[PDB]
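> Here is the sequence, then the experimental structure:
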Amino acid sequence: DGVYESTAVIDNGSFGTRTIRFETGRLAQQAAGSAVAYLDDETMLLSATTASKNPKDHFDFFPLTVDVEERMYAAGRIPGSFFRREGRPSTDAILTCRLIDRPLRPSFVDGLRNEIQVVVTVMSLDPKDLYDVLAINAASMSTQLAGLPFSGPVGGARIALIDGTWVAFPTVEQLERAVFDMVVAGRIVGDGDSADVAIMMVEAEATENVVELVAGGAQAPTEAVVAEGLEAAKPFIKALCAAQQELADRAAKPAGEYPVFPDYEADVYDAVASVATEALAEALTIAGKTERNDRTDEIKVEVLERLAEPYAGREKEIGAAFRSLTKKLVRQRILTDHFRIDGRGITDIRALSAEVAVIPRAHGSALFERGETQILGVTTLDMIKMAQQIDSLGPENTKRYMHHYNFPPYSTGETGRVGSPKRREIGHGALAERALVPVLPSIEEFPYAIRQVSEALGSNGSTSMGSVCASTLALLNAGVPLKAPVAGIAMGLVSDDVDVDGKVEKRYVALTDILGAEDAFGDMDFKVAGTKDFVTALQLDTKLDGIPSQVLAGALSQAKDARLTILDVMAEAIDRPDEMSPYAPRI
Amino acid sequence: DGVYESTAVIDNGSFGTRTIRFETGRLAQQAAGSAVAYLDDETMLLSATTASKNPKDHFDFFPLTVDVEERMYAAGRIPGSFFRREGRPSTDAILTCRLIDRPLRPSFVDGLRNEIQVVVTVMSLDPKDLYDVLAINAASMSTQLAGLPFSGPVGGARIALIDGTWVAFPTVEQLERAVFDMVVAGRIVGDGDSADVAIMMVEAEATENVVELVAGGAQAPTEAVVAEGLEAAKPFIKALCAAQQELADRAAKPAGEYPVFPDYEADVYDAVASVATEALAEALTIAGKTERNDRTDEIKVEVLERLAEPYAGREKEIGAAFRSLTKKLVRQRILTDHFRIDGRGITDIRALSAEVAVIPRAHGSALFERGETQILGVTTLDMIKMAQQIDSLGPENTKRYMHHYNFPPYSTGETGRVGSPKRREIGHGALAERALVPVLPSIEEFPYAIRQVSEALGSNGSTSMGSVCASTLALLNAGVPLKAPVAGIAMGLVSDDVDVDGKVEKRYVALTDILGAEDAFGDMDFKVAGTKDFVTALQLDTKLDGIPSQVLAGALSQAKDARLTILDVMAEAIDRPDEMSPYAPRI
Amino acid sequence: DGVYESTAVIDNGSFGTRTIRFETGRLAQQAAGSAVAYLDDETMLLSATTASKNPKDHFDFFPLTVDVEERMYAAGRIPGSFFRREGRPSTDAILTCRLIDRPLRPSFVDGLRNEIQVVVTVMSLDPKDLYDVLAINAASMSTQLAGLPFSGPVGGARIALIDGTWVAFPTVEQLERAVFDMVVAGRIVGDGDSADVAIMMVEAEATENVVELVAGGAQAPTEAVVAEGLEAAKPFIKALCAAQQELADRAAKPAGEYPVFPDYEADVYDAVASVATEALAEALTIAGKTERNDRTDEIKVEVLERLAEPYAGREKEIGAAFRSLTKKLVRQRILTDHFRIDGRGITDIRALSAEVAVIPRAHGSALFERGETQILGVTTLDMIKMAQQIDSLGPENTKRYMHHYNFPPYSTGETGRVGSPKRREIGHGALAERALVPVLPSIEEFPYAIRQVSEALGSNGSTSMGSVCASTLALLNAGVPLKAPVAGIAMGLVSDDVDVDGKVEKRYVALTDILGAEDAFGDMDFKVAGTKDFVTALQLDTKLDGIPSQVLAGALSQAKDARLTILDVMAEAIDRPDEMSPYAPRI
RNA sequence: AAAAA
RNA sequence: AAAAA
RNA sequence: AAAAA
Ligand SMILES: [Mg+2]
Ligand SMILES: [Mg+2]
Ligand SMILES: [Mg+2]
Ligand SMILES: [Mg+2]
Ligand SMILES: [Mg+2]
Ligand SMILES: [Mg+2]
């Protein structure tokens, strides 16, 4: 009676027809919201969102926590541990936690301080399905039901390019003819007539068989093909969002009253603006970097002195308002004068250097530095029996090529805990590993168990693409006969309204090779890695209400040009797979 | 010279004669108290109790911590880990920590805030003895010596029903003819002539051979037999308590001065009583649940307003006194009008529903919900080589049937840490696992390695018995040919003085299927699980100075009636072991 | 261009010639200081020191943290874990962290509160070199560069006694003819003409082949030989310190401004001195221990009352000044009247008792107590297949004899966390294990995998030498045919200026078997363990600017006399290897 | 970490 | 721990 | 660390 259902019928043409079914009202009725998601009546996940009672205001950020529980009775097996129990999250559970957390975290209003928490449990899994793109839907549903200030729903799909057809939610036996495979997550903006979706997250990779299939006669995953993919995942996200909205229009709890804690009030920001606008503006027109820093520090002292004490005991509000003001002014500058915070041009990569044979007695090694970023990659071939043995719900058994990404605390100069990797390091390692598997040689043409270790010896921001380039260098050095070198580049996009003399219109600009500071002044950040001919990895997080096709194509072609320059810089360090190190094993 | 001994001679008639020897003054003379306990001059434990110097008042509870250290040189073996060192506590060490903590925690006075800590180390273990029932004695002794406000000593024994004889402290080769096996822990009340013991803890289970032995001609462990057992463990607890008291009358340190921190003073409680007694009393006479909640909230606002500020800055005392007052009034109501906090009768179980075949692609599964409680059990048969390999001091080698109990944070609606299980979850898993081993089929009639996973999807209190019922359902579903289904029920008992017109006498009442709130209004809480014919598991924690035999027999027969109703509700979901799932292995 | 080098040429005569090369300016340019250290162009470590921005004043101690990262690509191998990743630090990484932390921690000025941190990463390792004595140099260099208040540099070397020649930085194939092997770390004091080094740390052990080699005709590592070793490691420390100083005179960052937080100001200490000097002095002349404690407590009450409130809200300064005053007066007493804090003489060991056959059903066991210290050792022979399998950069494969050292919290009477061992326990276990390997029987004459467990049942200070004696007792008891028993003793040395009637001269005194309190009144603390004929382990931490050869020889001969008395006390408990326990395995 | 498966 | 054984 | 390777 109190169990409500709603289905979304995914229509893949002649490749089949799937049905994702959302059900609520039966299981876990104590959480703030709960929802069970079935994929083809056989895959079954349970998501349950709970919010804390009191807002922990001592925090300075929104404390959302996603957990994915891979129960092993889903696979019909007993865990293989010594204690026959499911222990700590595997790598796939962490990657799915990140997939869920990325489009869900910016969906909550700005200033929420309660401790929201989502826990997606895999209760059944058909051995031919993937569940992460279903975990996104289950989490969005169970958060939409909870009555939180969650501007959803958030529909997520996975599309694969099989024989020129973009198949949505493909099985595992179908992901062996696909050249490209991407997870797209978005939401619907506009009602009735302008209901187009607004993609928020893209995580794309070229399958391990892209080279053989493209040699067979397929179409390689270039940038135009990736744009066709981004435009061919919209109907499915529309279907999923419509189904979630039907269910939550049946059985949603009325919106609770959660207090929001803004960083600064309106009065303080208006005051800082009115009394420092022209000062900060003329502080930005000067062609000097460090001098501009000194002038900004002086303006900081000035706002601290002249606003004391008309606003007594409100120093954090002053600082937050000043940071918002300088961010707005730098954004307007980047939009109008095309000049970035370090005098660089929009299409200028920092100073590149690639060196091979850095570490002695290593099988292969290389040091790739770009600007302040400096990565060291060390490839360690070994016996094929050393391939990592995977034990999880996922379809794969062994991992021949392992990419491990270390981010020591002194990369930025800050002390901290050295030890176990965080979730960021797992995400960066996975992103930089899925960018090299398309070009690795076969297990018959090169029978070893490669293992890559990338060290962020110096960091300014977004070191995963630098790690892709350093991994290509180290892998060519160790003697591994890659099919083609894979470069990488991490760009951003700033979009906003500007007023010419009497017109107020939106304009966009792309920034090549952004720093860590240019990530807070950007409205989209995306990382493209690929060879000379096709993209092997792509990742994109945005919050804009839709990007025109021309702007996306332009930014992606700019990314290709950056990749080609980086590739011509890398091809001077090492052109071909060098000789095996005398310490390397021989098979 | 300063080494004092005292022996307790356990006289098991014709089954032997044991001697537990307590020794102090030689080892670990830096702790607040220390004592070595020998069982038959060969089993040797060392317990050492230490108290912190300053009372950590910021805590809101008594911070006692028990640890049991299973040193492996006791078993004559080197640890088998990769690092050849004893790592984290096994399951048996955790269960023994709980066995010690359960009768020891209520023995300290109310309001102690120092950080007491007990650490029992197993220094030698004969391979034919059990040491947990000896760990209780060692811990009680070493805490009685420390000069703490510890109202001991606490004597603990293990009795087994072998051929109609209740044998105390039986070996492992003797626990194979026993039908029932129970650990009893109690203390002596009354001096000289009325020195009868007052049992505080019972943890009982029917041995894995109960069905075969009862078929042979034994007497099945019914409720009258369990009462005979509770009355046949009194002389041994008397002996152990007398020995500990001899030793601590020889070599105990004078009682130190430890401050106590009451939750509320006498003045505040007297004031709240005098000014809210009749209001809260008439607030309880109304037949409405939610309306009564609103009236109690109104009385809370009233006590907060009219007592402000005659007691300024004393809000916690107000709240604690109000909670004590409402608890006392609800207790008097339950004693007089037989009506509980939710209008239920004393012999009324909540609304039951049992469903099988819930999860798809699972070997067996079932969902059992009772009231707000809702448990999901998933049975996963596999190959016999997957039985858990145990490596510890304990006598068992492998664990064929594994019960794992998960309590997610959203069971109550609260966010929290998802991950490793606490000690409560280990205790509940063990209690619900020892309730099903008496009825599991042999390793020859059903050659698999069963594994059960019980999920507390919805929780109000005491979900372990619900997990026993859900495990019976899931196990019958997966095709496992049980010998008889095993139900469970978690009851309580409220006992107190009441005054009829001119007489003040003690009366008792039993409450069937208590909630989580009816656990703070009860003077005993006990859980009984069993088949149609005999109890397979029992657990009981009390603080009363002895219960008449009639009251205990009545409460236990009431528990049997609850079990029979639950069993007739479960027999409609699934009557017989269903067909094996096509995914299950075939041997 | 910005990459600076400096080499130190170690000249081992006819045994070879090594070259340690320090390089800076290329890798990890974001840390406060960074330096790469090469040993023979093939071993390569990277050290990077970072300091926090703000001084965490809430701490009560200097928060330095050293980490050693053993990257496995150094050894050309993939890690062997299930997850094929380097997990938690091995034992060798912890011992190297301690080797670095011991001479580095007292090098920083007194009162630093920022959170310094050193992280030494092993990027390449020739399989014939050791890297810990190189890690000390890399850490001292990268800390000298950081611009901290670090009074370095600190040069560390390893010398081995091969055929009467003290070889510096010997390989692994050369450490098989050495009888003694010691790590020496020191710094240079005096400039120009009196530039002699001032050793700060010594960690010495006799190689596993000392007995066979001494039988061959070598010179056993007596105390005079160890003194010759301490005098033969000075030129190499001079070379290393000169090289580090050349580099840091090329490319060091100017000293930053770090605030220091003294424990007490000058005014408070001067006041407490002026108003309590004679009171505390006459409080020390009395021959009563406990009475002196009462008088000191009375003087504490007096300084708290009469200095209140001329210094209001300054209680911690009062306490720190009082502790400094009493420490100074006890030091002057020990220097002048030769009387220690407990009336003992300078050459008096506490009351010794050694007992064997303590624990029943153990392969071997013994209890050795000295004063308040009381250690229990339990030897557990087993099958040779149980030897610990090591997987790390280090040269060793298996560990036949394992010494595990447990320090329970109740050793001092304080509650705490029972569980994983700290770094102190690893250091003490290693120190007490390297003291028994010289005398263990071969793998052919006694084919078992011994394992020792030492329990600090009672502790006053420095229980590692007591654990060496208890391990000798337990090992003789279990039937292991040692080549000679190994005793141990932990002495200290107090050195200071004293003024006779008109002369102010430095005098030294040695204290045999110091307590835990006599460690804060001592200017050096060293532990010597050995057999009747030679030292098998030695450890020494000092801060003095050089000790005359006569004083060191005297203190070491005093240590030998203490060892001989302890050995004659141990030889009465058990003279010869007893019979194997009937539970022990037979090979 | 962290110093005593 | 969740964001940067 | 625990109590609920
Ligand atoms: Mg970015
Ligand atoms: Mg991104
Ligand atoms: Mg209960
Ligand atoms: Mg109970
Ligand atoms: Mg010492
Ligand atoms: Mg020392």
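Arrived safely, thanks for sending. Numbering: from 1, shown residues only, chains lettered A, B, ... in the order given. Ligands and ions are numbered 1, 2, ... in the order given.
> Got phi/psi on the residue nearest to residue A:32 when sequence neighbours are not counted?
Excluding the flanking residues, the one nearest residue A:32 by C-beta to C-beta, 6 or more residues apart in numbering or on different chains is residue A:146, at 3.8 Å. For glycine as for every other residue, the C-beta is placed from the backbone atoms N, C-alpha and C. For residue A:146, the backbone dihedrals (degrees, to the nearest 10) come out as phi -70, psi -10.
> Verify the stated contact: residue A:146 with residue A:28.
No - using C-beta atoms under 8 Å as the test, residue A:146 is too far from residue A:28 to be in contact (11.8 Å).
> Mind checking which of those two has more residues around it?
Neighbours per residue (other C-beta atoms under 10 Å in any protein chain shown) separate residue A:146 from residue A:28, with residue A:28 holding more: 27 against 23.
> which element is residue A:541 on?
Here residue A:541, judged by DSSP states H and E, is contained in strand A:535-542.
> Buried residues, the helix or strand just after that strand. List them.
Using DSSP H and E, the next helix or strand after strand A:535-542 towards the C-terminus is helix A:549-573. Going by neighbour count (16 or more other C-beta atoms under 10 Å in any protein chain shown), the buried part of helix A:549-573 is A:551-552, A:555-556, A:558-560, A:562-563, A:565-567, A:569-570, A:573.
> Contacts only, for residue A:77.
Remark: with contacts taken as C-beta atoms under 8 Å, 6 or more residues apart in numbering or on different chains, residue A:77 is in contact with B:380, B:382.
> now do 10 Å
If a contact means C-beta atoms under 10 Å, 6 or more residues apart in numbering or on different chains, then residue A:77 has A:391, A:393, B:380, B:382, B:383, B:386, B:451, B:585 as its contacts.
> Which secondary structure state is assigned to it?
coil (DSSP: H, G, I helix; E, B strand; the rest coil).
> how near is it to residue B:453?
When C-beta to C-beta, to the nearest Å is applied, the distance between residue A:77 and residue B:453 equals 12 Å.
> which neighbours do these two share?
With C-beta under 10 Å, 6+ apart applied, the overlap between the contact sets of residue A:77 and residue B:453 consists of residue B:380.
> on that earlier part again, what sits in contact with each of residue A:146 and residue A:28?
Between them, residue A:146 and residue A:28 share these contacting residues under C-beta under 10 Å, 6+ apart: A:34, A:35, A:48, A:50.
> Which stretches in the stretch 151-300 of chain A count as strands?
In chain order, the stretch 151-300 of chain A shows strands spanning A:155-162, A:165-168, A:178-188, A:197-206, with DSSP state E, counting those that start in this stretch as the criterion.
> which other helices and strands contact the shortest one?
Yep, that's strand A:165-168 we're talking about. strand A:4-11, strand A:155-162, strand A:178-188, helix A:223-232, helix A:234-250 (3 or more C-beta pairs under 10 Å, 6 or more residues apart in numbering or on different chains; DSSP states H and E).
> For the fourth one, name the packing helices and strands.
Think helix A:223-232. Secondary-structure packing of helix A:223-232 (3+ C-beta pairs under 10 Å, 6+ apart): strand A:155-162, strand A:165-168, strand A:178-188, strand A:197-206, strand A:524-530, strand A:535-542, helix A:549-573.
> Please report the distance of the residue nearest to residue A:485 when sequence neighbours are not counted from residue A:208.
Using C-beta to C-beta, 6+ apart and skipping the chain neighbours, the partner closest in space to residue A:485 is residue A:472 (4.7 Å). When C-beta to C-beta is the yardstick, residue A:472 and residue A:208 sit 17 Å from each other.
> Which one's more surrounded, the two?
When neighbours are counted by other C-beta under 10 Å, residue A:472 comes out ahead of the other of residue A:472 and residue A:208, with 31 against 15.
> Next SSE downstream of the helix or strand hosting that one?
Secondary structure assignment for residue A:472, by DSSP H and E: helix A:464-477. Later in the chain than helix A:464-477, the nearest helix or strand by DSSP H and E is strand A:487-500.
> what about the strand holding residue A:541 and ligand 1, touching?
No - with C-beta under 5 Å from the ion as the measure, strand A:535-542 is seen stopping short of ligand 1, the closest distance being 7.7 Å.
> ok, back up a step: now the shared contacts of residue A:146 and residue A:28 in a markdown table, with neighbour count, distance to ligand 6 and secondary structure?
Formatted as a markdown table, the entries for the shared contacts of residue A:146 and residue A:28 read as follows, by neighbours: other C-beta atoms under 10 Å in any protein chain shown; distance: C-beta to the ion, whole Å; DSSP: H, G, I helix; E, B strand; the rest coil:
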| residue | neighbour count | distance to ligand 6 | secondary structure |
| --- | --- | --- | --- |
| A:34 | 26 | 60 | strand |
| A:35 | 33 | 62 | strand |
| A:48 | 31 | 55 | strand |
| A:50 | 27 | 52 | strand |
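> Quick one: those residues as a markdown table, columns for distance to ligand 4 too.
As requested, the shared contacts of residue A:146 and residue A:28 are exported to a markdown table (distance: C-beta to the ion, whole Å):
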| residue | distance to ligand 4 |
| --- | --- |
| A:34 | 29 |
| A:35 | 34 |
| A:48 | 28 |
| A:50 | 27 |
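> so which pair among these is furthest apart in space?
The most widely separated members of the shared contacts of residue A:146 and residue A:28 are A:35 and A:50, with 13.1 Å between them, by C-beta to C-beta.
> which neighbours do the two share?
Any residue near both residue A:35 and residue A:50 by C-beta under 10 Å, 6+ apart counts here, and that gives A:28, A:142, A:146.
> gap between the last one and residue B:212?
Plainly put, residue A:146 is 52 Å away from residue B:212 if you go by C-beta to C-beta.
> Work out the gap between stretch A:297-315 and the centre of the chain.
Taking C-alpha atoms, centre = their mean, to the nearest Å, the mean C-alpha location of stretch A:297-315 is offset from the chain mean by 38 Å.
> buried set for stretch A:227-240?
A:228, A:229, A:230, A:232, A:233, A:234, A:236, A:237, A:238, A:239, A:240.
> Verify the stated contact: the first one with residue A:161.
Yes - applying C-beta atoms under 10 Å, one finds residue A:228 in contact with residue A:161, separated by 8.6 Å.
> Not counting sequence-adjacent ones, nearest residue to residue A:466?
Spatial nearest neighbour of residue A:466, chain neighbours left out: residue A:375 (4.5 Å); criterion: C-beta to C-beta, 6+ apart.
> contacting residues for whichever residue of chain A sits closest to ligand 3?
The nearest approach of chain A to ligand 3 comes at residue A:30, 19.0 Å away (C-beta to the ion). Listed by C-beta under 10 Å, 6+ apart, the contact set of residue A:30 reads A:48, A:50, B:372-374, B:408, B:410-414, B:456-460.
> 6 Å instead, please
Residue A:30 makes contact with B:413, B:458 under the criterion C-beta atoms under 6 Å, 6 or more residues apart in numbering or on different chains.
> cool, residue A:180 as well?
With contact set as C-beta under 6 Å, 6+ apart, residue A:180 has these partners: A:161, A:206, A:221.
> Bridge partners for it, pull those for me.
Beta-bridge partners for residue A:180, by DSSP bridges, are residue A:206.
> I'd like the distance between it and RNA strand F.
Distance of residue A:180 to RNA strand F, given as C-beta to the nearest atom of the strand, to the nearest Å: 38 Å.
> likewise residue A:101?
If you go by C-beta to the nearest atom of the strand, the gap between residue A:101 and RNA strand F works out to 25 Å.
> Now rank the contacts of residue A:180 by neighbours and give me the top one.
Neighbour counts for the contacts of residue A:180 (other C-beta under 10 Å) peak at residue A:206, which has 32 neighbours.
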